[PDB]
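Chains as they are written, first to last, in the entry's author numbering: chain A, 2 to 154, 158 to 217, 226 to 242, 251 to 275, 282 to 319; chain B, 1 to 86, 103 to 214, 231 to 240, 265 to 278, 282 to 301, 304 to 320. We put the beta carbon where it would ideally sit given N, CA and C, even for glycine. Worksheet for the structure shown next.
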Amino acid sequence: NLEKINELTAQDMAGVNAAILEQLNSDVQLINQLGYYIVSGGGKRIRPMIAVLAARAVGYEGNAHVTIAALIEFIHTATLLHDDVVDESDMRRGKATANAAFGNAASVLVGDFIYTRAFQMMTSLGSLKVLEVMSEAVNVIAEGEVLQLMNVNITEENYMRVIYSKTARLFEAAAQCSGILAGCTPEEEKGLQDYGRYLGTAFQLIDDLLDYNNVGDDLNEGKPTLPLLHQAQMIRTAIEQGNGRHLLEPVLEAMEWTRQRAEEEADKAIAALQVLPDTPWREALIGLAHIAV
Amino acid sequence: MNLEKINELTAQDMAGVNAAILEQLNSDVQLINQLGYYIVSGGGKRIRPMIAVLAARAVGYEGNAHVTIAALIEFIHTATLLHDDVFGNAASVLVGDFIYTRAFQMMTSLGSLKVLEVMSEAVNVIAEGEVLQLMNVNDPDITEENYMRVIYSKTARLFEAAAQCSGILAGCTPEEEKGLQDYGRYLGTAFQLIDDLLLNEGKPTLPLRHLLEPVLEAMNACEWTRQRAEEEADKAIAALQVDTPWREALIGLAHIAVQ
Ligand SMILES: O=P(O)(O)C(O)(Cc1cccc(-c2cccc3c2oc2ccccc23)c1)P(=O)(O)O
Ligand SMILES: [Mg+2]
Numbered sequence: 002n003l004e005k006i007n008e009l010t011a012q013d014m015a016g017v018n019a020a021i022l023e024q025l026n027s028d029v030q031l032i033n034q035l036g037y038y039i040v041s042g043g044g045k046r047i048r049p050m051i052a053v054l055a056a057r058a059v060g061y062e063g064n065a066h067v068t069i070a071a072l073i074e075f076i077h078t079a080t081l082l083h084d085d086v087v088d089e090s091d092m093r094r095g096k097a098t099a100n101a102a103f104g105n106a107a108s109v110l111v112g113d114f115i116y117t118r119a120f121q122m123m124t125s126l127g128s129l130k131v132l133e134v135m136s137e138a139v140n141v142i143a144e145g146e147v148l149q150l151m152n153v154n158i159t160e161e162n163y164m165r166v167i168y169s170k171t172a173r174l175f176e177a178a179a180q181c182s183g184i185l186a187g188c189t190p191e192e193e194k195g196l197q198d199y200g201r202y203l204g205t206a207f208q209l210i211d212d213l214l215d216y217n226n227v228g229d230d231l232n233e234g235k236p237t238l239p240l241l242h251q252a253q254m255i256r257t258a259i260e261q262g263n264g265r266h267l268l269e270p271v272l273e274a275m282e283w284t285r286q287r288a289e290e291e292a293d294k295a296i297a298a299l300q301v302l303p304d305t306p307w308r309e310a311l312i313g314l315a316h317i318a319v
Numbered sequence: 001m002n003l004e005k006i007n008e009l010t011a012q013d014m015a016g017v018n019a020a021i022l023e024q025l026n027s028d029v030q031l032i033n034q035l036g037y038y039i040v041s042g043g044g045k046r047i048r049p050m051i052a053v054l055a056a057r058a059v060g061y062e063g064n065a066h067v068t069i070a071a072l073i074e075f076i077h078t079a080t081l082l083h084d085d086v103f104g105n106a107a108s109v110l111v112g113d114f115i116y117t118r119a120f121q122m123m124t125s126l127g128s129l130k131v132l133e134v135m136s137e138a139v140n141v142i143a144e145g146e147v148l149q150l151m152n153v154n155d156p157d158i159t160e161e162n163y164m165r166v167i168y169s170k171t172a173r174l175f176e177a178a179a180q181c182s183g184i185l186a187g188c189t190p191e192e193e194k195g196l197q198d199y200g201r202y203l204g205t206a207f208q209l210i211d212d213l214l231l232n233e234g235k236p237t238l239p240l265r266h267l268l269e270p271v272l273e274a275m276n277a278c282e283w284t285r286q287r288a289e290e291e292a293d294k295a296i297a298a299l300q301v304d305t306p307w308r309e310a311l312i313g314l315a316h317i318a319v320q
């Protein structure tokens with residue numbers, strides 16, 4: 002149950018890709034150029050893949066679920082263009098970033114086009130509820146990024165709450181809005197909502213562990237990610261100082283306990299997904315959680 | 001009319017706009033908190049939101065949703081300025113991102129798919145006009161006479177969407193909608209033309265040896284731009300007879318723009 006997902010979701014994932022490329026049709030070449038650069042530059046497309054998978058797991062058989070998948074990837078794509086500017090990164094998972102190749106202003110402004118274009122794509126579906134659920138999702142995420150910019154700083161519960169209510173809100177919306185467009189049942193809606201929130205949290209926790217094993229940027233700016241926290253006065257300083265440069269080698273110490287914590291959530295999402303019909307789609311959906319970790 | 005009449009006749013509507021603006025920017029983060037009082041709600045003329053409030057009340061509106069579009073319109077405008085200040105700061109993008117997203121949220125609260133359809137396209141058009149102008153920097157050759165296509169989709173499309181969406185959200189006749197649409201379209205263009213007058233090099237402005269480069273050295277005092288700006292204003296005032306004190310302000314505002 003790993004390659005089955007791709008094989009099963011193949012037919013529908015080729016439409017989302019087509020839909021994403023359809024939107025890049027501005028008269029301004031730069032928008033299209035930068036757009037083709039990041040989108041066609043290799044990506045695992047979990048977020049649109051959750052969207053299509055969620056809708057057909059509750060019996061949808063139009064094609065609007067590819068559009069909801071497509072604008073979600075646009076949102077995520079627009080988000081990465083802005084994150085590669087604030088993180089001042091040179092390369093995003095392999096090749097160089099858009100700000101490197103194209104400049105900071107172009108990558109920022111093309112992100113605006115891409116996001117606002119996802120918003121028009123959202124309007125055309127004509128559902129006010131999906132517009133509300135996602136608009137607050139992306140505003141909640143945007144506000145937390147401003148908060149991390151202005152205030153550095158933790159209770160296990162509290163830390164997780166932030167992710168549940170902010171960081172992994174796009175994942176949650178992705179699955180929840182997919183089912184809302186497919187006219188699912190309130191019970192199913194929560195399932196997808198819960199599934200999203202949790203699978204995003206495990207994926208977010210799992211993404212904060214691959215930074216150690226572009227290695228070390230979490231440490232190289234004082235960012236309290238779950239592995240980091242727990251003679252260890254050299255770790256507290258960095259967090260408070262806001263700088264942990266030159267410390268990726270002498271950080272092992274205890275070494282994780284976050285993989286089991288991410289597993290908990292991975293399984294947590296699975297539990298909430300047992301409220302909808304046993305279908306290949308559902309199997310695939312559940313399979314993703316396992317693979318997320 | 002005149003300035004004083006306008007301010008006095010819009011004071012009540014503007015107060016709600018500020019409340020809406022302040023009610024939406026009451027986040028915990030101080031950065032966002034201080035932005036609702038600094039460089040907004042005092043100082044500037046704030047014609048944009050002023051176009052919004054008067055456009056709706058000139059067609060017989062008497063709810064309060066026209067104040068929310070006025071606020072989000074200013075939010076849209078603030079976010080572009082924040083994104084245009086970037103080689104660029106992290107704070108300018110993320111506060112812009114926040115404001116942008118907030119504006120979308122406010123547009124959705126109005127429950128009208130048509131303003132969402134118009135508004136959504138409006139912000140996507142101005143976002144493509146910033147990139148366009150971004151690649152039009154340090155280039156006097158390609159600019160030609162297609163520099164009006166950048167000022168329309170960047171500055172004048174937000175005016176148009178403000179008035180036209182104010183009209184639809186007041187349930188107006190389809191040719192009053194086209195009137196305010198053209199009024200925003202033309203006055204917004206008149207606004208930019210007059211705003212490109214004197231200071232900041234490296235920008236192929238309408239007024240046009266050359267050597268487009270980064271250095272403060274200009275003195276040739278030899282205006283068509285001003286004269287051309289007035290023209291559009293006339294076209295803006297023209298399409299507005301399709304009245305009332307609120308309509309006078311709109312016309313008056315146009316005149317004021319070309320002072
Ligand atoms: O959070 P990280 O920087 O660790 C990362 O996951 C990328 C990322 C994840 C989640 C949100 C964001 C992000 C960053 C900057 C701005 C914005 C982000 O998400 C939104 C949504 C809406 C507006 C702005 C932003 C970036 P990474 O790929 O750099 O590891
Ligand atoms: Mg980041």
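Contact with chain B is found for residue 121 of chain A, since one of that chain's Cβ atoms lies less than 8 Å from the residue's Cβ. Listed along chain B, the residues sitting closer than 7 Å to residue 127 of chain A by beta-carbon distance are 129. Residue pairing by DSSP places residue 92 of chain A opposite A:97 in a beta bridge.
The beta carbon of residue 32 of chain B sits closer than 8 Å to some beta carbon of chain A. By the neighbour-count criterion, in which 16 or more other beta carbons inside 10 Å mark a residue as buried, residue 5 of chain B falls on the exposed side. Nearest CB-CB separation between residue 159 of chain B and chain A: not below the 8 Å threshold. Residue 131 of chain A places its beta carbon less than 8 Å from that of residue 123 of chain A. For residue 235 of chain B, the number of other beta carbons within 10 angstroms of its own is below 16, and it is reported as exposed. Between the C-alpha atoms of residue 93 of chain A and residue 216 of chain A there is a straight-line separation of about 16 Å. The straight-line gap separating the alpha-carbon atoms of residue 187 of chain A and residue 120 of chain B is approximately 24 Å.
Taking 8 Å as the CB threshold, residue 83 of chain A lines the interface with chain B.
When CB distances to chain B are screened at a threshold of 8 Å, the residues of the region 134-150 of chain A falling below it are 136, 137, 139, 140, 143, 144, 146, 147, 148, 150, in chain order.
In this structure, DSSP gives residue 103 of chain B a state outside helix and strand, which the three-state scheme calls coil. Within the region 8-32 of chain B, those residues whose Cβ lies closer than 9 Å to any Cβ of chain A are, in chain order, 27, 28, 29, 30, 31, 32. Here DSSP, grouped into helix, strand and coil, assigns residue 29 of chain B to coil. In terms of Cα proximity to residue 14 of chain B, the closest of B:136, B:150, B:153, B:51 is B:51. Residues of the same chain with a CB within less than 7 Å of the CB of residue 285 of chain A, apart from the 5 flanking positions on each side, are 213, 319 in chain order.
If you check the CB distance, residue 68 of chain B and residue 136 of chain B do not come in under 8 Å. Residue contact with chain A for residue 114 of chain B: present (Cβ-Cβ distance below 8 Å to some residue of chain A). By a beta-carbon distance limit of 8 Å, residue 117 of chain A contacts residue 139 of chain B. Their separation comes to about 5 Å. With the criterion CB distance below 5 Å from any heavy atom of ligand 1, the matching residues run A:80, A:83, A:84, A:139, A:142, A:143, A:146, B:113 along the chain. Taking C-beta separations shorter than 6 Å and ignoring five residues to either side along the sequence, the partners of residue 202 of chain B in its chain run 291, 294, 295, following chain order. For residue 166 of chain A, no chain B residue has a C-beta closer than 8 Å to its own C-beta; the minimum C-beta separation is roughly 13 Å. Between residue 32 of chain A and residue 75 of chain A, the beta carbon gap of about 12 Å keeps them out of contact (Cβ cut-off 8 Å). The three-state reading of DSSP puts residue 228 of chain A in coil, since its state is none of H, G, I, E or B. For the options A:309, A:179, A:197, the alpha carbon positioned closest to that of residue 53 of chain A is the one of A:179. DSSP places residue 155 of chain B outside any alpha helix (DSSP H), giving it a letter other than H or E.
Taken through DSSP and simplified to helix, strand or coil, residue 233 of chain A comes out as helix. In the DSSP assignment, residue 1 of chain B falls outside any alpha helix (DSSP H) and carries neither an H nor an E.
In this structure residue 197 of chain A touches residue 176 of chain A by the C-beta definition: roughly 6 Å separates them, less than 8 Å.
The beta carbon of residue 282 of chain A sits closer than 6 Å to the beta carbons of 239 from its chain, once the five residues preceding and following it are set aside; these are given in chain order. DSSP places residue 197 of chain B in the uninterrupted alpha helix (DSSP H) bounded by 190-211.
Only residues of its own chain outside the window of five on either side were considered, and among them 112 have a CB closer than 6 Å to the CB of residue 83 of chain A, listed in chain order.
If you draw a straight line from the Cα of residue 127 of chain A to the Cα of residue 61 of chain A, it comes to about 17 Å. Per DSSP, the continuous alpha helix (DSSP H) segment holding residue 67 of chain B begins and ends at 65-83.
Annotation: residue 270 of chain B is outside any alpha helix (DSSP H) and is labelled neither H nor E by DSSP.
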